[PDB]
Each structure stands twice: as structure tokens, then as C-alpha cells.
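A look at the structure
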Amino acid sequence: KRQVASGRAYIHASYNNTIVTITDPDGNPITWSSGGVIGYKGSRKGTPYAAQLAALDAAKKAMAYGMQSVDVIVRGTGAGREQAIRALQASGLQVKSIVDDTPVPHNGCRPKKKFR
Amino acid sequence: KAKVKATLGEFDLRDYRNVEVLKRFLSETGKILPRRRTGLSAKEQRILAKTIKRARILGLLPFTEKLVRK
Amino acid sequence: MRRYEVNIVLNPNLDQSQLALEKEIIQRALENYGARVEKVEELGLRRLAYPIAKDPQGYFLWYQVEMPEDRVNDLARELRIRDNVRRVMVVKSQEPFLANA
Amino acid sequence: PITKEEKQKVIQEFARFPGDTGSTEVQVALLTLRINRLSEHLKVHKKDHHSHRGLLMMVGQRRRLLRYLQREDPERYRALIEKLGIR
RNA sequence: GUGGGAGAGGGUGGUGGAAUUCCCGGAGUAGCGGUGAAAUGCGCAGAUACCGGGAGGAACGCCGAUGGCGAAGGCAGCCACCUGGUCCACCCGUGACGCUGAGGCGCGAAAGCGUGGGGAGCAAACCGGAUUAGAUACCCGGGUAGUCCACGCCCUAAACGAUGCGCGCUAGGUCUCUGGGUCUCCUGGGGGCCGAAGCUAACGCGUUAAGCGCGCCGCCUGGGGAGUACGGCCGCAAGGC
Ligand SMILES: [Mg+2]
Ligand SMILES: [Mg+2]
Ligand SMILES: [Mg+2]
Ligand SMILES: [Mg+2]
Ligand SMILES: [Mg+2]
Ligand SMILES: [Mg+2]
Ligand SMILES: [Mg+2]
Ligand SMILES: [Mg+2]
Ligand SMILES: [Mg+2]
Ligand SMILES: [Mg+2]
Ligand SMILES: [Mg+2]
Ligand SMILES: [Mg+2]
Ligand SMILES: [Mg+2]
Ligand SMILES: [Mg+2]
Ligand SMILES: [Mg+2]
Ligand SMILES: [Mg+2]
Ligand SMILES: [Mg+2]
Ligand SMILES: [Mg+2]
Ligand SMILES: [Mg+2]
Ligand SMILES: [Mg+2]
Ligand SMILES: [Mg+2]
Ligand SMILES: [Mg+2]
Ligand SMILES: [Mg+2]
Ligand SMILES: [Mg+2]
Ligand SMILES: [Mg+2]
Ligand SMILES: [Mg+2]
Ligand SMILES: [Mg+2]
Ligand SMILES: [Mg+2]
Ligand SMILES: [Mg+2]
Ligand SMILES: [Mg+2]
Ligand SMILES: [Mg+2]
Ligand SMILES: [Mg+2]
Ligand SMILES: [Mg+2]
Ligand SMILES: [Mg+2]
Ligand SMILES: [Mg+2]
Ligand SMILES: [Mg+2]
Ligand SMILES: [Mg+2]
Ligand SMILES: [Mg+2]
Ligand SMILES: [Mg+2]
Ligand SMILES: [Mg+2]
Ligand SMILES: [Mg+2]
């Protein structure tokens with residue numbers, strides 16, 4: 001109900017899923033979506049398409065919150081990480097900055113066998 | 001796009017306090033720069049490392065930054 | 001003794017009473033620790049690359065000294081005690097290795 | 001460390017003539033000094049093995065020079081052991 | 001001896017940021033996670049994704065290498081202290097003081113043991129989930145020892161260059177780390193590649209010899225039985241020689 005109209009949009013892109021959170025210029029989240037937010041269930045969730053529908057959903061949601069001009073934060077890697085920024089530009093929100101924030105460690109935690 | 005030594009004067013390689021020169025050795029992100037691109041020598045680059053690390057620990061230099069466009 | 005450089009960054013939001021107090025205290029450290037001062041540079045407000053104690057900035061000091069080998073480590077402990085002091089970095093002096101010379 | 005004239009005072013004390021840097025007596029004294037430092041270092045820091053090696057080695061050299069004195073001039077070897085506190 | 005140098009050689013205190021877990025808070029809804037596809041699992045006691053604050057442990061991105069140091073095992077943030085080894089220059093001091101080394105003594109990855117701490121992530125055993133003919137297996141979700149620290153044991157390995165140490169001697173070429181020089185280059189000292197002569201069963205080795213020679217130590221003598229059995233010695237035990 002806030003009429004926010006400018007703000008942050010995050011793409012957290014996994015190998016398994018893509019989630020997109022919209023937020024206000026100090027960072028508190030307006031709305032969000034994901035692949036399972038829409039119908040898609042399993043593997044289907046991490047497709048690029050699903051990334052795109054997620055982008056679009058969250059955008060439509062925030063546009064109804066009042067959004068237009070939106071600076072982007074990418075975290076993650078994987079199918080339609082890119083396709084979600086592609087559907088974000090395509091939204092009818094103005095993509096202002098695009099910025100890749102993916103956290104990397106300066107190397108302290110051991111990972112899962114899966115991961116070395 | 002030739003190297004960074006190629007554009008610069010005598011500058012202390014041990015000056016941890018001199019940011020203006022040192023920044024010019026790092027990535028668009030925070031990452032200290034490869035030799036291929038800083039054009040130093042082994043001993044040179046190896047010193048540029050320890051200095052940069054020193055200055056970082058001192059707050060006048062980035063440990064990491066955010067990557068722009070993409 | 002040996003040739004050292006004491007590095008002090010402290011709270012940029014200081015006024016007079018506060019700051020020249022931290023500084024009389026630093027002077028009183030070096031005095032008490034067997035530390036002669038060669039030369040001093042106070043650079044003050046500088047824009048840090050990252051927040052140190054929630055602060056977007058910092059207050060810079062450089063004190064070049066000569067003092068005992070054994071005590072330098074103790075020197076920097078009793079210097080870091082300061083609440084208001086954000087970082088102490090001490091170094092041994094090295095001649096100035098040049099580059100592109 | 002061992003500073004310079006820290007070492008000098010030892011070479012002066014131990015040379016057979018003015019100007020002798022490298023005699024046996026001197027070599028051994030310098031050894032004894034360096035040894036002794038090291039042994040004090042490793043009283044503390046007993047967890048420092050890589051230096052201890054250097055101590056065995058140190059000691060070894062000193063002893064080989066000693067056996068050479070006793071061999072060659074048993075007199076100066078008494079002399080040296082006296083001054084030094086050794087063997 | 002003097003004067004220089006390079007280095008993740010060791011020990012000890014300190015300190016820095018990235019990330020993971022957790023707790024506290026804000027905002028926000030219906031999922032997240034996971035796979036070949038799934039399920040177990042967490043989520044309406046509000047997860048996930050997001051912003052802020054705190055706690056704790058562990059390891060140090062880029063630099064980083066075909067790099068460096070060490071006798072080996074091994075050693076990587078930064079800082080300081082305490083130290084070992086080593087290289088070059090000068091040609092100054094000693095005057096064969098050398099090499100090797102049965103035994104002895106010391107070091108010795110990981111796992112393992114004792115006592116006491118610590119415990120974020122990971123993770124034998126274990127508990128569950130799918131796969132499959134079937135599961136203890138590969139894939140998935142939990143998880144204890146352990147991993148980390150101190151101190152004391154343990155002494156093993158593809159502990160590997162599967163190549164014992166020292167010295168002299170036998171074309172070069174190219175790449176490189178690090179000294180020196182009067183610096184297209186010369187001259188030490190390391191790491192590599194190719195290649196004279198030579199060696200080699202070949203493969204390959206080749207001034208970093210697997211070539212030509214001397215010294216000394218270690219070891220071998222068909223495949224099994226067997227690194228077993230017995231015996232001794234060490235070990236708290238596991239077990240080791
Ligand atoms: Mg998925
Ligand atoms: Mg010297
Ligand atoms: Mg080291
Ligand atoms: Mg160390
Ligand atoms: Mg449930
Ligand atoms: Mg947080
Ligand atoms: Mg806790
Ligand atoms: Mg790398
Ligand atoms: Mg090895
Ligand atoms: Mg040294
Ligand atoms: Mg001579
Ligand atoms: Mg003579
Ligand atoms: Mg004779
Ligand atoms: Mg024998
Ligand atoms: Mg032996
Ligand atoms: Mg262990
Ligand atoms: Mg057990
Ligand atoms: Mg234990
Ligand atoms: Mg315990
Ligand atoms: Mg598991
Ligand atoms: Mg199972
Ligand atoms: Mg099967
Ligand atoms: Mg797990
Ligand atoms: Mg062991
Ligand atoms: Mg090997
Ligand atoms: Mg032989
Ligand atoms: Mg040169
Ligand atoms: Mg050279
Ligand atoms: Mg060579
Ligand atoms: Mg060569
Ligand atoms: Mg060859
Ligand atoms: Mg042939
Ligand atoms: Mg052939
Ligand atoms: Mg040879
Ligand atoms: Mg047989
Ligand atoms: Mg037989
Ligand atoms: Mg028998
Ligand atoms: Mg037996
Ligand atoms: Mg017994
Ligand atoms: Mg066994
Ligand atoms: Mg056995």
C-alpha cells in the first residue's frame with residue numbers, strides 16, 4: 001500500500017531455482033516470486049523460462065505496488081540468471097543499474113563432497 | 001591496453017599509504033591484478049602484493065568491490 | 001633501537017577535547033615505551049574503502065619512530081586499548097624500493 | 001640477534017694476533033656464542049624443531065674444530081676450553 | 001671474517017576482511033531445498049530471497065605461477081618479536097681442520113590413542129529418502145567420532161624423482177627464480193624443457209646423469225606360503241620394527 005516507485009530488484013539464481021525479490025531503496029522487500037511461486041514444481045523450476053515468469057510476476061506485483069525505476073542486483077549463476085534480467089528489462093520497469101554481487105568466500109568453509 | 005607500469009613515474013612500490021597509485025593496480029572488482037596486466041617483475045609484483053594487502057588492512061584500499069553492468 | 005612506522009586511524013567524528021586528548025595519550029604511550037619520534041604526519045579525514053566500525057570514513061596518523069625491539073608488541077597493545085582508536089598498524093621501516101626507475 | 005660489535009668484542013677477545021678473523025680459537029668462540037643464544041631460544045619455544053637441527057649442526061662443527069685443536073696443540077685446546085666453559 | 005640478497009624455512013603473541021552456521025531485529029508470503037526424475041527434510045510457531053545488529057569456529061579468494069623455502073615430513077592474509085638454513089661479492093683470517101656413517105639420539109603426512117578444552121562448516125559409524133532384480137553401494141536429507149587447540153603417546157605411507165650422500169670429469173640450445181658485473185650479454189647459485197658423447201631391455205637418462213671415475217652407508221637374489229608364524233624389543237591400546 002506504500003507507493004514505492006523506485007527501488008532494488010534482486011535475482012538470486014540457483015542451479016535448481018531462480019528467486020526474484022523486489023525491495024525499496026533502503027532494502028526492505030516489497031514483493032517476490034520464484035519458479036515454484038508459479039506452477040512449476042521440480043527441476044522445471046530452474047529453467048530460464050521459469051526464471052522469466054518469476055521476473056515478470058514479481059515485476060507485475062511491484063508495478064501494482066507503484067514501482068518504475070529499478071536498480072538490479074544479481075547473485076548466483078545458472079539457467080536464466082540472465083533470462084531473468086532479460087525479463088526484468090522487458091517488464092516495463094526501467095532497468096537502471098545491473099550489478100553482479102555473487103558472494104564468494106576468501107576461502108574459509110569446507111564444502112560438501114558434492115562441491116570439491 | 002598496455003600495462004600499468006608503462007604509464008607511471010618513479011613510485012615507491014613499498015608505499016602502503018599511497019592510494020592514488022595503488023588503486024590503479026586493482027580490478028574493476030577488488031581483486032589485485034595479474035602480472036600479465038600490471039606488467040611488473042616477479043620481485044616487483046610480489047612486493048606490490050604485500051603493500052596492497054597492508055593498505056587494505058589499513059582501510060584505504062578495497063578487499064572486494066561490486067561488479068558493474070553484467 | 002629500530003626504525004618503525006606507527007599507523008593510527010581513529011574516529012573521524014572527533015572534536016578538539018576528545019582528539020587532542022587521544023593524541024596526548026598516544027604521545028604518552030610512545031614516551032612510556034622507550035620510543036623516540038623521528039617524524040610525524042597527521043592526514044586526518046580520509047574516505048575508507050569499506051566501513052570500519054560502522055563509519056564510512058576514518059582519521060589518519062603516521063608516526064615514524066625509533067624504539068626497542070622487545071617492547072614494540074607491548075606498544076601496540078597499550079595503543080589498541082583506546083575505544084576511540086580503530087586501527088593501529090605498526091611496521092619496521094624499509095628503504096624505498098622504486099619501480100619504473 | 002647478534003649485533004655487529006656484539007660479535008666484534010668476541011673476535012677481539014679471541015684472536016691470537018691483531019687482525020685474525022678466522023683462527024680456530026675464534027671460529028670456535030663465535031660458534032659457542034651462536035650455540036648459546038640458540039640453546040636459550042629453545043629453552044622457550046621447545047616446539048621449534050627446524051632450528052634445533054641447526055643446533056645439532058652447530059654443535060657438530062664446534063666439536064670437529066675442538067677435536068682438531070686437541071689433536072694439533074693440546075695446550076691451546078686447554079686454553080680455549082678454559083676461557084669458554086666447554087667439554 | 002666483512003659486506004650485500006631472496007624466501008609460504010620454524011616458534012611465539014597480535015590483528016584483518018570475504019563466506020557458512022546461529023541468535024536478535026526490520027520488511028515480506030507460500031514455498032524453499034534438492035535430483036536423471038524424485039522423496040525424505042525444513043516452512044503459517046512465518047521459512048526461503050532482502051536489509052541491519054550480534055555471537056562463534058574454521059580457513060585465508062585475487063596476487064599465484066610451468067614461482068619460492070626446507071633435510072625430509074611439509075610450509076600461503078597481514079604485523080611484530082625470537083630463530084634455522086642458504087646465495088653472491090671482496091680474496092681478508094685458519095691451514096686438511098675433510099667425506100661417509102653400523103649403532104645411538106632427534107624429526108617425521110594423515111588416521112589413531114590419553115587427559116583436558118573447543119566445536120561454525122564438514123563428516124567414518126549411524127538414522128532416514130529415492131535408484132535398482134536387490135542396498136549395507138554410488139545420488140538425496142540428517143548425523144557422532146574426528147577434523148581445530150594444549151600437553152603426552154603412536155612411527156606408518158605411492159614418506160615418490162618408486163632415483164642414498166660427497167667430489168672430479170664429459171657439446172650446446174631455450175624458458176625461468178635469485179645474486180654479481182664494465183648490463184646485445186657475460187658470471188655464480190636453484191627450478192624446467194630439448195638435445196653432443198655416452199648409457200639403457202626398451203621406455204627413456206643426458207653438467208638438476210640413469211654418462212665417465214673414486215669413497216662410504218643401505219638394500220636385493222624365482223613366484224607363492226607371507227610381511228604371515230614363532231621369538232625378542234618398543235607400545236596405554238591400536239599396532240609397529
Ligand atoms: Mg529445483
Ligand atoms: Mg653475511
Ligand atoms: Mg614463513
Ligand atoms: Mg611462521
Ligand atoms: Mg512439515
Ligand atoms: Mg545477516
Ligand atoms: Mg555457540
Ligand atoms: Mg588461481
Ligand atoms: Mg611432497
Ligand atoms: Mg634469517
Ligand atoms: Mg688467503
Ligand atoms: Mg700462512
Ligand atoms: Mg700437516
Ligand atoms: Mg645395519
Ligand atoms: Mg642412523
Ligand atoms: Mg593428526
Ligand atoms: Mg577409537
Ligand atoms: Mg583426542
Ligand atoms: Mg576430547
Ligand atoms: Mg551424507
Ligand atoms: Mg542409505
Ligand atoms: Mg543397481
Ligand atoms: Mg550435511
Ligand atoms: Mg605421525
Ligand atoms: Mg610424486
Ligand atoms: Mg650407487
Ligand atoms: Mg641485473
Ligand atoms: Mg643471471
Ligand atoms: Mg642453469
Ligand atoms: Mg639449463
Ligand atoms: Mg631430454
Ligand atoms: Mg636405442
Ligand atoms: Mg627413442
Ligand atoms: Mg654426479
Ligand atoms: Mg621366494
Ligand atoms: Mg620360493
Ligand atoms: Mg623363532
Ligand atoms: Mg610378536
Ligand atoms: Mg609390554
Ligand atoms: Mg596395521
Ligand atoms: Mg605392518
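Numbers attached to residues count from 1 within each chain as its sequence is written and can disagree with those in the entry; no residue without coordinates is shown. Here chains are named by letter from A upward and ligands by number from 1 upward, in the order in which they appear as written. What you see is a piece of a larger assembly; the numbers all apply to this piece alone. Excluding hydrogens and water, the side-chain values take into account all heavy atoms of the structure.

Structure determination for this entry, per the PDB record, employed X-ray crystallography and reached 3.651 Å resolution.

A short note on the sheet that holds strand β3 (residues 55-67) of chain C
All names here are of chain C. Convention followed: By the convention used here, strands pair only if DSSP detects at least 2 bridges between them. Under the DSSP-based scheme used, a helix requires at least four consecutive residues in state H or I and a strand at least two consecutive residues in state E, with every element numbered from the N terminus. Whenever a helix is involved, its axis is fitted only over the stretch in contact; in every case the axis is a line through C-alpha atoms, and angles between N-to-C directions fall within 0 to 180 degrees.
Spatially, the four strands line up as an open sheet ordered β2-β3-β1-β4, and their pairing is antiparallel. Since the sheet does not close on itself, it has two edges, and those belong to β2 (36-52) and β4 (85-92), each with one partner. Going from strand to strand, the sheet's axes swing by 20° on average, the running direction of each strand aside.

So, the interface of chain C and chain B
It is common to give the size of an interface as the accessible area that goes away when the parts come together. So the rule is basically this: Throughout, a contact is declared for two residues whenever any of their heavy atoms are within 4.5 Å. Note: buried area is the sum, over both parts, of the accessible area (probe 1.4 Å) each one loses when the two are combined. Every case where a carboxyl oxygen of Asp or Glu lies within 4 Å of a side-chain nitrogen of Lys or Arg is listed as a salt bridge.
Listed as interface residues are 22 residues of chain C and, on the opposing side, 24 residues of chain B. The junction of chain C with chain B conceals about 2,000 Å² of combined surface from both sides, 57% of it contributed by carbon and sulfur atoms. Together, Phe97(C), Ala99(C) and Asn100(C) form the three largest contributors to the area buried by chain C at its contact with chain B, with a combined 33%. Counting across the chain C and chain B interface gives one salt bridge.

Concerning the sheet that holds strand β5 (residues 94-100) of chain A
The strand order across the open sheet built from six strands is β3(A)-β2(A)-β1(A)-β4(A)-β5(A)-β1(B), with neighbouring strands paired in mixed fashion. Edge positions in the sheet fall to β3 (29-33) of chain A together with β1 (67-68) of chain B, since each of these pairs with one other strand and no more. Summarising the sheet, strand β4 (residues 69-76) of chain A and β5(A) pair through five bridges and their orientation is parallel. Of the residues in β5(A), the one forming a bridge with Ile73(A) is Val99(A). Together, β2 (18-23) and β3 of chain A form the strand contacts of helix α1 (residues 48-65) of chain A, whose direction differs from that of β3(A) by roughly 150°.

Quick look at the packing of aromatic side chains
Residue and element names in this part refer to chain B. How we decide: Classification of ring pairs rests on two measures: the distance between centres of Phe, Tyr or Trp rings, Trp counted by its six-membered ring, which must be within 6.5 Å, and the angle between planes, read as stacked under 30 degrees, edge-to-face over 60 and tilted in between. Exposure classes here rest on a 1.4 Å probe applied to the protein chains alone. A residue is buried below 20% of its type maximum, exposed above 50%, and partly exposed in between.
The final tally for this structure, using the stated rule, is three aromatic pairs over all chains. Ring geometry for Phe-11 and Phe-25: centres 6.0 Å apart, planes at 50°, overall tilted. Here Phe-11, found in the segment before α1 (19-22), pairs with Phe-25, found in the loop between α1 and α2 (35-38); they are 14 residues apart in sequence, far enough to count as distant. With a relative accessible area of 0%, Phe-25 lands in the buried category.

So, the side chain of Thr24(D)
All names here are of chain D. As for its placement among the helices and strands, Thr-24 is situated in helix α2 (residues 24-41). Overall, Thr-24 belongs to the buried group, its relative accessible area being 18%. Every residue in contact with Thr-24, bar those within four places of it in the chain, is listed here: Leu-65, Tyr-68 and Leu-69.

Points about the protein's contact with RNA strand E
To keep things clear, this is the line we draw: One heavy atom suffices: a residue is near a molecule or strand as soon as one of its heavy atoms comes within 4 Å of it. We define a polar contact as two N or O atoms separated by no more than 3.5 Å, with the added condition that, inside protein, one atom must be a possible hydrogen donor and the other a possible acceptor, whereas residues neighbouring each other in sequence contribute only through side-chain atom pairs.
Around RNA strand E sit 97 residues, and of these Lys114(A), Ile32(B), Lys43(B), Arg46(B) and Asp20(D) come closest. Here a phosphate oxygen of RNA strand E sits 2.7 Å away from a polar atom, N or O, in the side chain of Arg75(A). In this structure, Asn107(A) approaches RNA strand E through a main-chain N or O atom, which is 3.0 Å from a sugar or linking oxygen. The leading source of residues in the surface near RNA strand E is helix α3 (residues 49-72) of chain D, at 13 residues.

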